[PDB]
Each structure stands twice: as structure tokens, then as C-alpha cells.
Student: 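Here it is, the structure, as C-alpha cells.
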Amino acid sequence: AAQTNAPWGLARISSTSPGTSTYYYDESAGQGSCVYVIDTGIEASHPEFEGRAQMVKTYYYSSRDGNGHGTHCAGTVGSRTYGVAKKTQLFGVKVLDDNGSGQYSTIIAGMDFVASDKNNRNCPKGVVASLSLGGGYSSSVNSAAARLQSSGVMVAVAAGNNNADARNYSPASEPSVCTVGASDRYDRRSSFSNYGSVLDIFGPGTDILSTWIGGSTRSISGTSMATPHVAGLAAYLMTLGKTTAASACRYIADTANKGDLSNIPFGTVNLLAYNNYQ
Ligand SMILES: [Ca+2]
């Protein structure tokens, strides 16, 4: 399958070179896999989700995404026009308020909820969690992300938008999840993207077009935008039987586009998410 005039992020993860415009992917498109979007929630009614999105948990007064961030990230995972895995199931876990911020205790509760809720879903191809969040280092947030990962969920987390080393940020610094940095369209590291040895992979994170609240779209930047690309890629590859939840992060790093990024500090992986389609 080919999506013409795709968002540059989609086209980038199906190409060994920048500048292309078509997203090439396998027809399965993540069918049979689930992606928990742990964020501000998902406007599940957005026409771009085609009924493949629903809220399963909220930690606030409403399950409605009053921010747009979680809907944007869910869209990059598996919306029809802006998603990597266009047939995946999307589950919204609202751990962030409508101002985009959430206490650490709530983020931990949301990750433990996903680790349990997956046992009563139908995801025969596997479960992915996309965590477009992050704050200062916390051993308990790292432990929650590690618990979710070891429970059989591929966990992708943002590296953070501080232009610093991701070792000082959670859940970015948890070694056993998949920490995602942000690159731009010209294959540079995004100016804001965190780096460091804990990073596993880079994804398109600058000027990412995806869904938004009110049935609209908008482009935003951040490692929070690169994470759903990788989460969608992991759900996409798990549907093709190429990898499991426990191994998806390494597989995506094994099959990445190596050495293609610029402004990668020494000690940080120079790997760009790539689906190796045909
Ligand atoms: Ca890792």
C-alpha cells in the first residue's frame, strides 16, 4: 500500500532518504494490535479514527481530550491520514489534565492500569503503549514504565524536549523502554530533542501534522510527536509477525536507518525509525 502526499513523518519512516512524499506500508497496517495512548485523551469521534479509537480510562473529571495533544499523538499512531498503523486499535488513557500536565502518581496509575486492562482486550498481535509525557527524573516513574514493559507491552516514551541528556528525565531514562528522540525533515536532530545513551531510536518529531480536537488537524513539534511514530511502527511490525512486544524496540533499532541524522552528539545512537517495506 502507498499513501501519496503523506505527512513527511510517515514518508520518512518508509524511506532510506529524506525529502520523499509517499508513505509505503504493508496492507495489514497494524490490524489486530492495540496502542494505548497515555496522554490528554483522544477525541475518539474524530473521523480520522474510523471508530478505531475509544477512551478506556481517565484520571480527571472528563474523559474528553480538552487539550488536543493526546488526539494528535493517537492520530500519528493510527489515524487514517496521519497514522503509521492505519488499522490499529487505539485506547486512550487520560493521565494529563486539559493543560497537558499530570502529577507523577497519576502517570504511574495510568501505566499500571494499561498493564492490567490489556488482559481484557482483544489484541492478538500485541499491545503497544505510547507515552508522550515526561518530567524530571523519578525512580518510581521509571519503575512504572519498566513494569508496563515487562508485563508484555511495548512501551515507547519521549526523550523530552529540553535539548539536554535524557538521563535526567522520566520515563525517558528508564533503560528497558524505548526512548524516542525527535528528528526534522532534513534529517537533523530536532533542536529541542533530548539526547544521550538512554535513547534507542529517533522518530519524526518536528512539524508533525496529525489530528486535533474539534475534528481539525494541526502541526506541532516535540519528541512527543516522534514517540507515536515509533509506537505505530512497533504496532505495525508486531502485526507483520516481525517482532514481539519484548523485542520490538531492539528490532526497530536493528532495522533503522543508520548514520542518517546530523547534530547527534557523540554517544547517542544515530538511528532513524524505518519500516523496511519492500
Ligand atoms: Ca531502551
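We number each residue from 1, following the sequence as shown. As the structure lists them, so they are numbered: ligands from 1, and atoms in each ligand from 1. Hydrogens, waters and symmetry mates are skipped; everything else that's a heavy atom, side chains included, is used.
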Student: What ring pair (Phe, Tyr, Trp, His ring centres under 6.0 Å) pairs are there with at least one residue in residues 233-258, not counting sequence neighbours?
Tutor: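 Sorted result for residues 233-258: empty, none.
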Student: Taking N, O or S atoms only and a limit of 3.0 Å, check whether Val198 reaches the Ca ion (ligand 1).
Tutor: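 It does not; every qualifying atom lies at 3.0 Å or beyond.
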Student: Measuring to the Ca ion (ligand 1), does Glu174 have an N/O/S atom at a distance below 3.0 Å?
Tutor: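 For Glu174, the answer is no, given that no N, O or S atom comes within less than 3.0 Å of the Ca ion (ligand 1).
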Student: Begin with the C-alpha distance, continue with both residues' side-chain angles, and end with the deciding distance and a verdict on salt bridge (charged side-chain N to carboxylate O under 4.0 Å, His left out) for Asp98 and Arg64.
Tutor: CA-CA 9 Å; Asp98 287 336; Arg64 161 186 340 108; 5.8 Å; no
Student: Are side-chain N/O atoms of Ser33 and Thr88 paired as donor and acceptor at under 3.5 Å?
Tutor: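 The answer is yes; a qualifying pair exists.
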Student: Taking only residues two or more places apart in sequence, or in another chain, which ones meet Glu174 in a side chain to side chain donor-acceptor pair (under 3.5 Å)?
Tutor: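 So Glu174 forms a side chain to side chain donor-acceptor pair (under 3.5 Å) with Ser176.
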Student: Where the Ca ion (ligand 1) is the corner point, what angle links O of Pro175 with OD2 of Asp200, to 10°?
Tutor: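 It comes to 140°.
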